[PDB]
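Q: Take a look at query-v6.pdb, PDB, C-alpha atoms (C1' of nucleotides):
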```
ATOM      1  CA  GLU A   2      -4.198  -8.446  24.212
ATOM      2  CA  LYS A   3      -2.548  -5.146  23.294
ATOM      3  CA  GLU A   4       1.074  -6.138  22.531
ATOM      4  CA  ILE A   5      -0.223  -8.473  19.792
ATOM      5  CA  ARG A   6      -2.617  -6.435  17.636
ATOM      6  CA  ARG A   7      -0.241  -3.450  17.618
ATOM      7  CA  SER A   8       3.156  -5.155  17.135
ATOM      8  CA  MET A   9       1.655  -7.056  14.143
ATOM      9  CA  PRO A  10       3.136  -5.580  10.918
ATOM     10  CA  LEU A  11       0.122  -4.332   9.021
ATOM     11  CA  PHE A  12       0.750  -0.784   7.405
ATOM     12  CA  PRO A  13       2.947   0.069   4.448
ATOM     13  CA  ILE A  14       5.010   3.241   4.366
ATOM     14  CA  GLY A  15       2.225   5.202   2.661
ATOM     15  CA  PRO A  16      -0.438   5.231   5.383
ATOM     16  CA  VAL A  17       2.206   5.970   8.053
ATOM     17  CA  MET A  18       3.212   9.069   6.086
ATOM     18  CA  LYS A  19      -0.425  10.114   6.566
ATOM     19  CA  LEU A  20      -0.549   9.510  10.341
ATOM     20  CA  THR A  21       2.732  11.314  10.946
ATOM     21  CA  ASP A  22       4.010  14.213   8.895
ATOM     22  CA  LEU A  23       7.198  12.240   8.201
ATOM     23  CA  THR A  24       8.576  11.791   4.676
ATOM     24  CA  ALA A  25       9.402   8.320   3.345
ATOM     25  CA  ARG A  26      12.992   9.564   3.204
ATOM     26  CA  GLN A  27      12.900  10.313   6.956
ATOM     27  CA  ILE A  28      11.126   7.072   7.875
ATOM     28  CA  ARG A  29      13.595   4.991   5.890
ATOM     29  CA  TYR A  30      16.603   6.951   7.085
ATOM     30  CA  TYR A  31      15.837   5.721  10.592
ATOM     31  CA  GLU A  32      15.934   2.130   9.309
ATOM     32  CA  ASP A  33      19.588   2.014   8.200
ATOM     33  CA  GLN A  34      20.474   3.947  11.354
ATOM     34  CA  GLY A  35      20.032   1.112  13.863
ATOM     35  CA  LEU A  36      16.896   1.987  15.831
ATOM     36  CA  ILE A  37      13.872   0.603  13.920
ATOM     37  CA  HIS A  38      13.398  -2.712  12.099
ATOM     38  CA  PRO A  39       9.975  -3.136  10.457
ATOM     39  CA  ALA A  40       8.952  -6.263   8.610
ATOM     40  CA  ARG A  41       9.308  -6.887   4.890
ATOM     41  CA  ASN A  42       6.672  -7.786   2.350
ATOM     42  CA  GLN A  43       6.754 -10.595  -0.124
ATOM     43  CA  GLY A  44       7.706  -7.835  -2.550
ATOM     44  CA  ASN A  45      10.277  -6.376  -0.203
ATOM     45  CA  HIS A  46       8.051  -3.549   1.037
ATOM     46  CA  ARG A  47       8.123  -2.258   4.618
ATOM     47  CA  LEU A  48       5.377  -3.275   7.021
ATOM     48  CA  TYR A  49       5.176  -0.971  10.008
ATOM     49  CA  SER A  50       3.468  -1.927  13.251
ATOM     50  CA  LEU A  51       0.988   0.145  15.220
ATOM     51  CA  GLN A  52       3.540   0.408  18.041
ATOM     52  CA  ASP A  53       6.317   0.995  15.521
ATOM     53  CA  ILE A  54       4.266   3.990  14.348
ATOM     54  CA  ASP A  55       4.343   5.143  17.937
ATOM     55  CA  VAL A  56       8.159   4.713  17.852
ATOM     56  CA  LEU A  57       8.389   6.865  14.724
ATOM     57  CA  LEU A  58       6.478   9.512  16.681
ATOM     58  CA  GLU A  59       8.803   9.046  19.685
ATOM     59  CA  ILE A  60      11.439  10.296  17.214
ATOM     60  CA  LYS A  61       9.092  12.874  15.729
ATOM     61  CA  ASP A  62       8.779  14.518  19.156
ATOM     62  CA  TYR A  63      12.548  14.227  19.755
ATOM     63  CA  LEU A  64      13.174  16.181  16.536
ATOM     64  CA  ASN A  65      10.745  19.111  16.507
ATOM     65  CA  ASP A  66      12.689  20.387  19.509
ATOM     66  CA  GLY A  67      15.954  19.064  18.076
ATOM     67  CA  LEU A  68      18.331  16.149  18.757
ATOM     68  CA  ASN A  69      20.766  14.064  16.744
ATOM     69  CA  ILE A  70      20.455  10.344  15.983
ATOM     70  CA  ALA A  71      23.488   9.080  17.904
ATOM     71  CA  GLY A  72      21.864  10.393  21.074
ATOM     72  CA  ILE A  73      18.605   8.595  20.653
TER      73      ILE A  73
ATOM     74  CA  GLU B   2     -12.971   7.085  21.371
ATOM     75  CA  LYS B   3     -13.542   3.871  19.423
ATOM     76  CA  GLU B   4     -15.781   4.973  16.515
ATOM     77  CA  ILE B   5     -13.046   7.421  15.437
ATOM     78  CA  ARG B   6      -9.785   5.452  15.291
ATOM     79  CA  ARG B   7     -11.500   2.519  13.555
ATOM     80  CA  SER B   8     -13.770   4.314  11.043
ATOM     81  CA  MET B   9     -10.706   6.339   9.887
ATOM     82  CA  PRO B  10      -9.665   5.063   6.414
ATOM     83  CA  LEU B  11      -6.124   3.856   6.913
ATOM     84  CA  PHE B  12      -5.461   0.411   5.102
ATOM     85  CA  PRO B  13      -5.146  -0.244   1.391
ATOM     86  CA  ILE B  14      -6.580  -3.365  -0.197
ATOM     87  CA  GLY B  15      -3.325  -5.289   0.258
ATOM     88  CA  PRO B  16      -3.116  -5.513   4.054
ATOM     89  CA  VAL B  17      -6.849  -6.338   4.275
ATOM     90  CA  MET B  18      -6.248  -9.310   1.974
ATOM     91  CA  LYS B  19      -3.810 -10.450   4.677
ATOM     92  CA  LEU B  20      -6.217 -10.047   7.622
ATOM     93  CA  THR B  21      -9.046 -11.814   5.819
ATOM     94  CA  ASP B  22      -8.599 -14.576   3.287
ATOM     95  CA  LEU B  23     -10.576 -12.508   0.768
ATOM     96  CA  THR B  24      -9.297 -11.848  -2.762
ATOM     97  CA  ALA B  25      -9.109  -8.297  -4.123
ATOM     98  CA  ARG B  26     -11.690  -9.461  -6.661
ATOM     99  CA  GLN B  27     -14.080 -10.406  -3.824
ATOM    100  CA  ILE B  28     -13.416  -7.253  -1.796
ATOM    101  CA  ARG B  29     -14.003  -5.023  -4.804
ATOM    102  CA  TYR B  30     -17.015  -6.984  -5.993
ATOM    103  CA  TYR B  31     -18.774  -5.953  -2.793
ATOM    104  CA  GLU B  32     -18.073  -2.299  -3.632
ATOM    105  CA  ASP B  33     -20.090  -2.054  -6.866
ATOM    106  CA  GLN B  34     -22.797  -4.131  -5.185
ATOM    107  CA  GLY B  35     -24.175  -1.441  -2.864
ATOM    108  CA  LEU B  36     -23.098  -2.478   0.634
ATOM    109  CA  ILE B  37     -19.593  -1.056   1.266
ATOM    110  CA  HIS B  38     -18.100   2.339   0.386
ATOM    111  CA  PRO B  39     -14.453   2.781   1.433
ATOM    112  CA  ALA B  40     -12.528   5.980   0.885
ATOM    113  CA  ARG B  41     -10.356   6.804  -2.108
ATOM    114  CA  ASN B  42      -6.718   7.782  -2.228
ATOM    115  CA  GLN B  43      -5.203  10.718  -3.992
ATOM    116  CA  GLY B  44      -4.266   8.107  -6.584
ATOM    117  CA  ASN B  45      -7.717   6.579  -6.594
ATOM    118  CA  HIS B  46      -6.805   3.648  -4.344
ATOM    119  CA  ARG B  47      -9.195   2.173  -1.772
ATOM    120  CA  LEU B  48      -8.734   3.009   1.894
ATOM    121  CA  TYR B  49     -10.507   0.549   4.146
ATOM    122  CA  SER B  50     -11.380   1.300   7.754
ATOM    123  CA  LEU B  51     -10.773  -0.920  10.758
ATOM    124  CA  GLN B  52     -14.546  -1.281  11.179
ATOM    125  CA  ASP B  53     -14.960  -1.680   7.426
ATOM    126  CA  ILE B  54     -12.586  -4.649   7.742
ATOM    127  CA  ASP B  55     -14.987  -5.987  10.324
ATOM    128  CA  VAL B  56     -17.809  -5.478   7.767
ATOM    129  CA  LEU B  57     -15.877  -7.458   5.157
ATOM    130  CA  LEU B  58     -15.678 -10.241   7.746
ATOM    131  CA  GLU B  59     -19.416  -9.887   8.491
ATOM    132  CA  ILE B  60     -19.743 -10.954   4.835
ATOM    133  CA  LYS B  61     -16.950 -13.497   5.133
ATOM    134  CA  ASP B  62     -18.941 -15.324   7.825
ATOM    135  CA  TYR B  63     -22.175 -14.990   5.804
ATOM    136  CA  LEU B  64     -20.485 -16.761   2.875
ATOM    137  CA  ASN B  65     -18.582 -19.732   4.302
ATOM    138  CA  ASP B  66     -21.998 -21.125   5.206
ATOM    139  CA  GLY B  67     -23.534 -19.665   2.047
ATOM    140  CA  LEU B  68     -25.827 -16.743   1.143
ATOM    141  CA  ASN B  69     -26.371 -14.508  -1.863
ATOM    142  CA  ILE B  70     -25.709 -10.761  -2.035
ATOM    143  CA  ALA B  71     -29.280  -9.539  -2.527
ATOM    144  CA  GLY B  72     -30.123 -11.047   0.853
ATOM    145  CA  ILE B  73     -27.431  -9.295   2.780
TER     146      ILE B  73
ATOM    147  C1'  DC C   1     -25.363 -14.873 -10.062
ATOM    148  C1'  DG C   2     -19.778 -14.841  -7.440
ATOM    149  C1'  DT C   3     -14.938 -15.184  -8.504
ATOM    150  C1'  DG C   4     -10.456 -16.449 -10.927
ATOM    151  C1'  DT C   5      -7.322 -14.545 -14.442
ATOM    152  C1'  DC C   6      -5.999 -12.166 -17.977
ATOM    153  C1'  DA C   7      -3.573  -7.343 -20.407
ATOM    154  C1'  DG C   8      -2.679  -2.901 -20.431
ATOM    155  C1'  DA C   9      -2.620   1.219 -17.560
ATOM    156  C1'  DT C  10      -1.240   4.264 -13.110
ATOM    157  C1'  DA C  11       0.160   4.981  -8.239
ATOM    158  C1'  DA C  12       3.389   3.412  -4.753
ATOM    159  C1'  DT C  13       7.839   1.694  -3.134
ATOM    160  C1'  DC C  14      12.301  -0.232  -3.671
ATOM    161  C1'  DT C  15      17.815   0.949  -3.736
ATOM    162  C1'  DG C  16      21.629   3.981  -5.293
ATOM    163  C1'  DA C  17      23.998   8.196  -5.823
ATOM    164  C1'  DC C  18      24.115  13.400  -5.598
ATOM    165  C1'  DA C  19      23.000  17.741  -3.848
ATOM    166  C1'  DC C  20      23.265  21.526  -0.230
ATOM    167  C1'  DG C  21      22.825  25.910   3.891
TER     168       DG C  21
ATOM    169  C1'  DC D   1      25.406  14.877   9.948
ATOM    170  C1'  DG D   2      19.480  14.817   8.232
ATOM    171  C1'  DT D   3      16.536  15.310   4.261
ATOM    172  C1'  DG D   4      14.739  16.788  -0.445
ATOM    173  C1'  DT D   5      14.738  15.133  -5.247
ATOM    174  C1'  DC D   6      16.120  12.968  -8.895
ATOM    175  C1'  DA D   7      15.993   8.327 -12.570
ATOM    176  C1'  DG D   8      15.425   3.911 -13.408
ATOM    177  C1'  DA D   9      13.569  -0.351 -11.510
ATOM    178  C1'  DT D  10       9.659  -3.597  -9.240
ATOM    179  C1'  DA D  11       5.409  -4.540  -6.546
ATOM    180  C1'  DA D  12       0.653  -3.091  -5.978
ATOM    181  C1'  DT D  13      -3.794  -1.374  -7.607
ATOM    182  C1'  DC D  14      -6.832   0.665 -10.851
ATOM    183  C1'  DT D  15     -10.910  -0.402 -14.595
ATOM    184  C1'  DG D  16     -12.691  -3.273 -18.436
ATOM    185  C1'  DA D  17     -14.040  -7.407 -20.616
ATOM    186  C1'  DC D  18     -14.173 -12.612 -20.796
ATOM    187  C1'  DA D  19     -14.404 -17.060 -18.975
ATOM    188  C1'  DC D  20     -16.913 -21.023 -16.634
ATOM    189  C1'  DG D  21     -19.213 -25.624 -13.481
TER     190       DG D  21
END
```
Any chance you could put this one into structure tokens?
A:
Amino acid sequence: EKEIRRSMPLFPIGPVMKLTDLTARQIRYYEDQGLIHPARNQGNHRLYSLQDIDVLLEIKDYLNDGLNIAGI
Amino acid sequence: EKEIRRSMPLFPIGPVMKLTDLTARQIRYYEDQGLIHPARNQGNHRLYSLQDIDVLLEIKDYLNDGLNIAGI
DNA sequence: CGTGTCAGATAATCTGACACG
DNA sequence: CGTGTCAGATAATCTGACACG
């Protein structure tokens, strides 16, 4: 009942910039890097999931201390 | 721990049109009618809350059967 | 008395290439 | 090898007035 409401693509890239402190440039750099694949809009926007937002914070925490992308 | 994550204004009027079947014209008609007050963006957009989305469905159910606005 | 649709704005997001300590 | 910022597009949202069975 949890892996359905969260994994549903609901937010655009704006609100997720508010939750995190990540810049659209950071959040979209991780897309063409091979570790996050959020849904697309009818207008080719990016829908992020509630658990995908947690995944963008999984990276946020693995980057305030420091780490590359090939490692994660 | 529930009346904080929900009541936080997070969605714009687009995603809430997806959850409901309500048109932006309906969702914004209820604003200038005196029964819903969602937050504004820096760009003067409308942030809806997760419990505000429930309130827009409270109206959705009180309108498939039929009812005015002065009553609710 | 509730909602579709228009037309002209403004904010938000797209991809592409360039910049740099 | 990760991110700011640019410039020109397109989708998304604003307010205002008009339409109608």
Q: Hey, what comes out of the PyMOL selection byres ((chain D) within 9 of (chain B)) on this file? Could you write it as an MDAnalysis selection string?
A: chainID D and resid 12:14
Q: Both chains have the same sequence, so match all Cα atoms in order, fit chain A onto chain B by least squares, and return it as an mmCIF file with C-alpha atoms, keeping the file's coordinate frame.
A:
```
data_model
loop_
_atom_site.group_PDB
_atom_site.id
_atom_site.type_symbol
_atom_site.label_atom_id
_atom_site.label_comp_id
_atom_site.auth_asym_id
_atom_site.auth_seq_id
_atom_site.Cartn_x
_atom_site.Cartn_y
_atom_site.Cartn_z
ATOM 1 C CA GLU A 2 -12.971 7.085 21.371
ATOM 2 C CA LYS A 3 -13.541 3.871 19.423
ATOM 3 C CA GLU A 4 -15.781 4.972 16.514
ATOM 4 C CA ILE A 5 -13.046 7.421 15.437
ATOM 5 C CA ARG A 6 -9.785 5.452 15.291
ATOM 6 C CA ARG A 7 -11.501 2.519 13.555
ATOM 7 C CA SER A 8 -13.769 4.314 11.043
ATOM 8 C CA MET A 9 -10.706 6.339 9.887
ATOM 9 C CA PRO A 10 -9.664 5.063 6.414
ATOM 10 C CA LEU A 11 -6.124 3.856 6.913
ATOM 11 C CA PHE A 12 -5.461 0.411 5.101
ATOM 12 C CA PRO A 13 -5.146 -0.243 1.390
ATOM 13 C CA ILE A 14 -6.580 -3.365 -0.197
ATOM 14 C CA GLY A 15 -3.324 -5.289 0.258
ATOM 15 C CA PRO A 16 -3.116 -5.513 4.054
ATOM 16 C CA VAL A 17 -6.849 -6.338 4.275
ATOM 17 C CA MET A 18 -6.248 -9.310 1.974
ATOM 18 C CA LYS A 19 -3.810 -10.450 4.677
ATOM 19 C CA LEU A 20 -6.217 -10.046 7.622
ATOM 20 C CA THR A 21 -9.047 -11.814 5.819
ATOM 21 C CA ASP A 22 -8.598 -14.577 3.287
ATOM 22 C CA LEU A 23 -10.576 -12.508 0.768
ATOM 23 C CA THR A 24 -9.297 -11.848 -2.762
ATOM 24 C CA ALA A 25 -9.109 -8.297 -4.123
ATOM 25 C CA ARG A 26 -11.690 -9.461 -6.660
ATOM 26 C CA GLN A 27 -14.080 -10.407 -3.824
ATOM 27 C CA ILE A 28 -13.416 -7.253 -1.796
ATOM 28 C CA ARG A 29 -14.004 -5.023 -4.804
ATOM 29 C CA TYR A 30 -17.014 -6.984 -5.993
ATOM 30 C CA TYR A 31 -18.775 -5.954 -2.793
ATOM 31 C CA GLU A 32 -18.072 -2.299 -3.632
ATOM 32 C CA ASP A 33 -20.090 -2.054 -6.866
ATOM 33 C CA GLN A 34 -22.797 -4.131 -5.185
ATOM 34 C CA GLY A 35 -24.175 -1.440 -2.864
ATOM 35 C CA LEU A 36 -23.098 -2.478 0.634
ATOM 36 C CA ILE A 37 -19.592 -1.056 1.266
ATOM 37 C CA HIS A 38 -18.100 2.339 0.386
ATOM 38 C CA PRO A 39 -14.453 2.781 1.433
ATOM 39 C CA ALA A 40 -12.528 5.980 0.885
ATOM 40 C CA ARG A 41 -10.356 6.804 -2.108
ATOM 41 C CA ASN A 42 -6.718 7.782 -2.229
ATOM 42 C CA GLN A 43 -5.204 10.718 -3.992
ATOM 43 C CA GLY A 44 -4.266 8.108 -6.583
ATOM 44 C CA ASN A 45 -7.717 6.579 -6.594
ATOM 45 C CA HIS A 46 -6.805 3.648 -4.344
ATOM 46 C CA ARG A 47 -9.195 2.173 -1.772
ATOM 47 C CA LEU A 48 -8.735 3.009 1.893
ATOM 48 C CA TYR A 49 -10.507 0.548 4.146
ATOM 49 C CA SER A 50 -11.380 1.300 7.755
ATOM 50 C CA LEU A 51 -10.773 -0.920 10.758
ATOM 51 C CA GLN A 52 -14.546 -1.280 11.179
ATOM 52 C CA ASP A 53 -14.960 -1.680 7.427
ATOM 53 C CA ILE A 54 -12.587 -4.649 7.743
ATOM 54 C CA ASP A 55 -14.988 -5.987 10.324
ATOM 55 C CA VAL A 56 -17.809 -5.478 7.767
ATOM 56 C CA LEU A 57 -15.877 -7.458 5.157
ATOM 57 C CA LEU A 58 -15.679 -10.241 7.746
ATOM 58 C CA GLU A 59 -19.416 -9.887 8.491
ATOM 59 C CA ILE A 60 -19.744 -10.954 4.835
ATOM 60 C CA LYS A 61 -16.950 -13.497 5.133
ATOM 61 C CA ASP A 62 -18.941 -15.323 7.824
ATOM 62 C CA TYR A 63 -22.175 -14.990 5.804
ATOM 63 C CA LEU A 64 -20.485 -16.760 2.875
ATOM 64 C CA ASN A 65 -18.583 -19.732 4.301
ATOM 65 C CA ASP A 66 -21.998 -21.125 5.205
ATOM 66 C CA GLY A 67 -23.533 -19.665 2.047
ATOM 67 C CA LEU A 68 -25.827 -16.743 1.143
ATOM 68 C CA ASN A 69 -26.371 -14.508 -1.863
ATOM 69 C CA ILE A 70 -25.709 -10.760 -2.035
ATOM 70 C CA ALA A 71 -29.280 -9.539 -2.527
ATOM 71 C CA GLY A 72 -30.123 -11.048 0.853
ATOM 72 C CA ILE A 73 -27.431 -9.294 2.780
#
```
Q: I would like the residues chosen by the PyMOL selection byres ((chain B) within 12 of (chain A)) on the shown file; could you give them as an NGL selection string?
A: :B and (6 or 9-20 or 42-44 or 46-51)
Q: Please determine an axis-aligned box that encloses all atoms of range 10-17 of chain C listed in the file, with 3 Å added on each side, and express its centre and edge lengths in Å to one decimal as JSON.
A:
```
{"center_x": 11.4, "center_y": 4.0, "center_z": -8.1, "size_x": 31.2, "size_y": 14.4, "size_z": 16.0}
```
Q: Quick one: residues within 10 Å of residue 61 in chain A, only C-alpha atoms (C1' of nucleotides) counted, chain neighbours fewer than 2 positions away excluded, as an MDAnalysis selection string?
A: chainID A and resid 21:23 27:28 55:59 63:67
